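Before any comments, here is the structure.
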Amino acid sequence: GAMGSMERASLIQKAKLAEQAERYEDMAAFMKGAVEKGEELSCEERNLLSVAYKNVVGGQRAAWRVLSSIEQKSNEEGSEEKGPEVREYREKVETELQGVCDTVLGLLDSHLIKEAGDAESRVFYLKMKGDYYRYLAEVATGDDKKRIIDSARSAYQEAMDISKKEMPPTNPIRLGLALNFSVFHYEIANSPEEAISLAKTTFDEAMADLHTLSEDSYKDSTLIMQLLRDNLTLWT
Amino acid sequence: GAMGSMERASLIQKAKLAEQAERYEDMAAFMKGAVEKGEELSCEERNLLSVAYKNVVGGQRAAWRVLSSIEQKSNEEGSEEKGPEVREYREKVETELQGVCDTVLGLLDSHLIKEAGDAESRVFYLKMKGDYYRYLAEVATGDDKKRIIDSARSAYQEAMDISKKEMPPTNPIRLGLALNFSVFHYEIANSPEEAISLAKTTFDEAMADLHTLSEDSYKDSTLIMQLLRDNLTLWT
Amino acid sequence: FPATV
Amino acid sequence: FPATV
Ligand SMILES: N=C(N)c1cc(-c2cccc(NC(=O)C3(Oc4ccc(Cl)cc4)CCC3)c2)cs1
Ligand SMILES: N=C(N)c1cc(-c2cccc(NC(=O)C3(Oc4ccc(Cl)cc4)CCC3)c2)cs1
């Protein structure tokens, strides 16, 4: 590891600086270095890790979608099949995306998840595992597409089972997990009814628990609840 | 699967024909199709599968070694760094090799090993799993090299434990497993002493059991025993 | 595209 | 190279 000689605390501090500078590839490399020190991560640290890689892979996904759209248009009957360049460059971006996903999944498997005993850490990491298999599923076309989809589903399902036993319905990790698992159902699993049912049940159960929250927790929970409603408005 | 419409028995017959024609890529595709029918494989069928892929990957390994040797020579101080072509083409062959290994490992995991209850099938498949992780290890350089090596070791070790409980010391599967695990130790694990000890103990225990064998079984066992001796002569 | 977090 | 089977 290129970060192996840097102090854990220095890596975390530089991740925070990279975030302020909108240098998310650096942020992710710093947080990968911090994870590789082998100690469990605090709440703030888990969110630094997640924010870094979600921004990196988010940029790759956006680029891949542009390139895939160009590629599909270049293959419609009535175009001008220039040559291999669009496919080649889409594949390059795709391979880089798959490499980032594999890196994150490797950090979760070695060894974040197995050491995560508290619900807030374990559910957070299993949600991430579902998310990064979902990103792999978005680009998958070959013999392992069903298996990638089921790996996402299985991770999300374990996270949901823990969250329903261990967290209140307004817990923002529980809400964000359900938001993303609902998107998995709609966009990946071709299960729009399951996606709508999950988002609606999650929203209604959170609504009925809002009265227990402080003003600050209320703001956190209702933010994700609005995203659930936004998706339901898109889908219905 | 491109073979999904062909009868299992027709796939096996064509694998045998491809072997006679020295068309090992076809042989492997036919046997992959046969495995994907989902039924367990007979002894003959397991050997058809193994022979096909060992010849395919064997050709790739030989090509990769030539290209890697050229690449290393082109990087020595005092050459003529033409450009990226040798590295690019070595990487192309390497990626194709890794894809074949992943295909075989996928067949073993989905679902040959889990349905293999008899020692002769289970040890055979676990030996194959060790072999194809070993081939991946031969080209591995990055963050997963140690993990690939340990996956080979673990598969070989489980196969050895079963073989020592369930098979006589002259059983050719047991012998071939030990031959290859010994090479794993020498060439992959940097454990030449373990490689020599395993080959010598395997040879001596087989020697002492030869008296129990028919003339045909004697010929089978002593053939692999000679390979053990050949390696020991190379290493000592 | 749908919202995720 | 060493023999394997
Ligand atoms: N960037 C950073 N330096 C840090 C961010 C946080 C942090 C702290 C509390 C809450 C959150 N919450 C979020 O950011 C959002 O809510 C989420 C809810 C659930 C999940 Cl699972 C993920 C996100 C995304 C939109 C609001 C962040 C610590 S440090
Ligand atoms: N080609 C084919 N149509 C088939 C070959 C076989 C078959 C039958 C009996 C023995 C063997 N034995 C081998 O071929 C060798 O011994 C091995 C011993 C152990 C292991 Cl694990 C693998 C090979 C490699 C050199 C001798 C093959 C059936 S069908």
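Here Cβ is always computed from backbone atoms with ideal geometry, including for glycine, and neighbour counts include all displayed protein chains. No lab work stands behind these numbers, since they all come straight from the coordinates.
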- May I ask you to list the residues in region B:190-236 that are among the hydrophobic types (A, V, I, L, M, F, W, C) and buried (at least 18 other Cβ atoms within 10 Å of the Cβ)? B:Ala195, B:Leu198, B:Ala199, B:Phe203, B:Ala206, B:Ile224, B:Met225, B:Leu227, B:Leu228
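Listed here are the residues, each with its yes/no results for (1) under 24 Å from A:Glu22 (Cβ atoms); (2) in contact with an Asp or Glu (Cβ under 8 Å, 6 or more places away or on another chain); (3) of a type in the set (S, T, N, Q).
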{"position": "A:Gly59", "(1), (2), (3)": "yes, no, no"}
{"position": "A:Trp64", "(1), (2), (3)": "yes, yes, no"}
{"position": "A:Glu91", "(1), (2), (3)": "no, no, no"}
{"position": "A:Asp102", "(1), (2), (3)": "no, no, no"}
{"position": "A:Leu108", "(1), (2), (3)": "no, no, no"}
{"position": "A:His111", "(1), (2), (3)": "no, no, no"}
{"position": "A:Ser121", "(1), (2), (3)": "no, yes, yes"}
{"position": "A:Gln157", "(1), (2), (3)": "no, no, yes"}
- Task: Scan region A:163-188 for residues that are of a type in the set (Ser, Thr, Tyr) and more than 13 Å from ligand 1 (Cβ to nearest atom) and jot them down.
- Result: A:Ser182, A:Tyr186
- Query: Can you tell me which residues in region A:124-139 are surrounded by 20 or more Cβ atoms within 10 Å (Cβ to Cβ) and within 13 Å of another protein chain (Cβ to nearest Cβ)?
  - Reply: A:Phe124, A:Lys127, A:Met128, A:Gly130, A:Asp131, A:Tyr132, A:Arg134, A:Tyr135
- Item | Where a residue in region B:157-183 is at the interface with chain D (Cβ under 10 Å from one of its Cβ atoms) and buried (at least 22 other Cβ atoms within 10 Å of the Cβ) and its partner, wherever it lies, is of a type in the set (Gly, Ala, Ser) and in a helix (DSSP H, G or I), with Cβ under 6 Å and at least six apart | B:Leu177/B:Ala159; B:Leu177/B:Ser163; B:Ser182/B:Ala195; B:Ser182/B:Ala199
- Taking into account only those residues within region B:200-215 that are of a type in the set (D, E, K, R) and assigned to a helix (DSSP H, G or I), which is farthest from B:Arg122 (Cα to Cα)? B:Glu215
- Query: Which one is nearest to B:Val104 (Cα to Cα), of the residues in region B:27-44 that are within 14 Å of ligand 2 (Cβ to nearest atom) and either in contact with an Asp or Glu (Cβ under 9 Å, 6 or more places away or on another chain) or of a type in the set (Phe, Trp, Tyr) (or both)?
  - Reply: B:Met31
- Search result, residues across region A:1-26 that are assigned to a helix (DSSP H, G or I) and either closer than 20 Å to A:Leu105 by Cβ or β-branched (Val, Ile, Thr) (or both): A:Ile12, A:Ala15, A:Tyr24, A:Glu25
- Determine if region A:79-98 includes at least one residue that is crowded, with 19+ Cβ neighbours inside 10 Å, more than 14 Å from chain B (Cβ to nearest Cβ), of a type in the set (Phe, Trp, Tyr) and in a helix (DSSP H, G or I). no
- Query: For region A:101-123, how many residues meet the condition of being within 14 Å of another protein chain (Cβ to nearest Cβ), surrounded by 17 or more Cβ atoms within 10 Å (Cβ to Cβ) and in contact (Cβ under 8 Å) with a residue 60 or more places away in the chain?
  - Reply: 2
- Using the structure shown, decide if B:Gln72 is away from ligand 1 (no atom under 16 Å from the Cβ), of a type outside the set (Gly, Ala, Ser) and surrounded by 15 or more Cβ atoms within 10 Å (Cβ to Cβ). no
- Message: Checking A:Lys219 against (1) closer than 17 Å to A:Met167 by Cβ; (2) within 12 Å of ligand 1 (Cβ to nearest atom), only one condition comes out false. Which one?
- Response: (1)
- Message: Restricting to region A:7-25, count the residues that are over 17 Å from the mean Cα position of the chain (by Cα) and surrounded by fewer than 17 Cβ atoms within 10 Å (Cβ to Cβ).
- Response: 10
- Working carefully through the options B:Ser197, B:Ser154, B:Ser163, find the one that is of a type in the set (S, T, N, Q) and within 13 Å of ligand 2 (Cβ to nearest atom). B:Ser163
- Message: Considering only region A:49-66, I want to know if a residue exists there that is touching a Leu at 6+ places or on another chain (Cβ under 8 Å), assigned to a helix (DSSP H, G or I) and within 16 Å of ligand 1 (Cβ to nearest atom).
- Response: yes
- Query: Quick check: anything in region B:34-46 without any contact (Cβ under 8 Å) to a residue 12 or more places away in the chain and surrounded by fewer than 19 Cβ atoms within 10 Å (Cβ to Cβ)?
  - Reply: yes
